[PDB]
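Everything on this sheet refers to the single structure shown next.
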Amino acid sequence: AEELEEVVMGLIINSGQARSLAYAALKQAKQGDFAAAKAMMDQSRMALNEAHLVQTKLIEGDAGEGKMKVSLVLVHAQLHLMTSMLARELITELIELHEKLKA
Amino acid sequence: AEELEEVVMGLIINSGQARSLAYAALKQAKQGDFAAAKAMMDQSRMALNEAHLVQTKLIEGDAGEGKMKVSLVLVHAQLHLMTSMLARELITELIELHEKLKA
Amino acid sequence: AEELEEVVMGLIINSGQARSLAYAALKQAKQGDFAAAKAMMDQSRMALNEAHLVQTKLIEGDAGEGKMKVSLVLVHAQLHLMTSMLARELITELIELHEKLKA
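Right, dumping it as structure tokens:
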């Protein structure tokens with residue numbers, strides 16, 4: 001719907017940007033730039049945190065009537081956010097491995 | 104609905120616990136504890152397997168009328184389970200890498 | 207529905223095959239076969255690309271009436287595709303690490 005629909009687009013874009021930043025963070029690690037990787041990861045998380053917070057309000061205050069479940073719309077947003085958050089967390093682990101290797 | 108709704112909560116919690124155990128398993132690997140990591144991974148999988156089995160019954164025996172597809176509710180459960188299973192599988196790979204590194 | 211339902215099954219199978227190929231690609235890397243890993247990854251991506259293209263047509267040309275959003279059915283397909291694509295991308299990163307790790 002109006003906002004919910006426009007809000008989802010923002011969430012999808014935000015989630016996509018989060019992943020983009022995360023992959024970029026990893027790329028920095030490959031170049032041996034741990035400092036930039038850490039900075040990129042930190043920002044990536046903040047983007048996700050804000051996105052997750054918005055989704056939480058939706059999931060909690062969404063359902064007009066009773067039930068708390070979710071909606072077709074929310075599920076789509078959750079899919080992007082869940083994927084992005086997971087990607088970012090795993091990417092963080094991958095970056096840590098690069099540090100252990102040396103570079 | 105009654106059970107389905109309560110069942111989903113259990114699945115979501117179970118999926119979340121699965122991931123939690125998986126991340127913890129990885130943490131053990133970082134401490135150089137391959138034995139504990141393996142034990143944690145094994146338990147993580149068992150939790151997922153039981154969760155997946157419940158979802159399968161849902162997906163197969165859910166749809167009251169004809170169609171086998173899924174439902175708004177099932178999709179949400181699948182999202183958590185799919186994310187958790189994938190996370191756990193990737194985490195397993197990450198742990199194996201730690202073993203190859205040494206520690 | 208008829209096609210959409212049958213199309214989803216194809217997408218789910220394709221997504222599953224994509225992941226299967228990706229994991230197999232990783233396995234090749236463990237055996238120290240970077241050439242086979244690369245070949246498997248390339249094919250995995252092509253499978254996903256074709257799958258993603260089909261989903262795009264669905265998401266863009268699906269909704270019979272106005273709205274572009276998604277449908278219960280599409281979300282399910284997106285879940286598998288999103289999971290598979292992410293898995294494959296992360297697996298690619300994991301394979302690159304194996305190459306850096308010698309073998």
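Chains as they are written, first to last, in the working numbering: chain U, 1 to 103; chain F, 104 to 206; chain L, 207 to 309. Yeah, the Cβ is synthetic: ideal placement off N, Cα and C, and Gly gets one too.
From F/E196 to U/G16, what does the alpha carbon distance come to, in whole angstroms? 25 Å
Is the beta carbon of L/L217 less than 9 Å from the beta carbon of L/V276? no
Could you tell me the distance, in whole angstroms, from the CA atom of U/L86 to the CA atom of L/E209? 32 Å
For the alpha helix (DSSP H) holding F/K141, just list the boundary residues, first then last. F137 to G164
Inter-stretch contact at 8 Å, needing at least 3 Cβ pairs: the segment 37-46 of chain U / the segment 70-79 of chain U: no
Which value, in whole angstroms, describes the spacing of the CA atoms of U/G61 and L/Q249? 44 Å
Taking only beta-carbon atoms, is L/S250 less than 9 Å away from chain U? no
Within chain L, the residues that U/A37 reaches when beta carbons sit closer than 8 Å: In chain order: nothing, as chain L lies at least about 13 Å away.
Would you say U/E89 reaches chain F, if we count a Cβ-Cβ gap shorter than 9 Å as a contact? yes
By alpha-carbon positions, which one of L/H304, L/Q234 and L/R225 ends up nearest to L/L254? L/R225
When the cut-off is 9 Å and only beta carbons count, does L/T298 lie next to chain F? no
Proximity to F/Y126 [Cα-Cα], best of F/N117, F/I194 and F/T159: F/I194
For F/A138, is the classification buried or exposed, using 16 other Cβ atoms within 10 angstroms of its Cβ as the cut-off for buried? exposed
Is the beta carbon of L/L303 sitting closer than 9 Å to the one on U/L97? yes
From F/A206, F/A166, F/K203 and F/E192, residue whose alpha carbon lies closest to that of F/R148: F/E192
Which of the three DSSP states, helix, strand or coil, is assigned to F/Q134? coil
At a Cβ cut of 7 Å, what residues of the segment 164-194 of chain F count as close to chain U, listed as they run along the chain? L175, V176, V178, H179, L182, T186, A190 and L193
Could you check the C-alpha separation between U/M82 and F/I162 for me, to the nearest Å? 21 Å
DSSP three-state assignment for L/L296, whether helix, strand or coil: helix
Can you name, in chain order, every residue of its own chain whose Cβ lies under 7 Å from the Cβ of U/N14, other than the five neighbours on each side? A47 and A51
Expressed to the nearest angstrom, what Euclidean distance is found between the alpha-carbon atoms of F/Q134 and F/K203? 14 Å
The segment 19-38 of chain U: which residues have C-beta closer than 9 Å to a C-beta of chain L, in chain order? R19, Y23, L26 and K30
Take F/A104 as the anchor and find which of U/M68, U/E5 and U/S84 has the nearest alpha-carbon. U/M68
Can you tell me which of L/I301, L/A309, L/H286 and L/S290 puts its alpha carbon nearest to the alpha carbon of L/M215? L/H286
Checking 9 Å against the spacing of the C-beta atoms, do L/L278 and F/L175 come in under that value? yes
Starting from the C-beta of U/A103, find all residues in its chain whose C-beta is less than 6 Å away, skip the five residues before and the five after it, and write them out in chain order. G32
Measuring straight from C-alpha to C-alpha, what distance separates U/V7 and L/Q234? 43 Å
Using three-state DSSP, classify L/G216 as helix, strand or coil. helix
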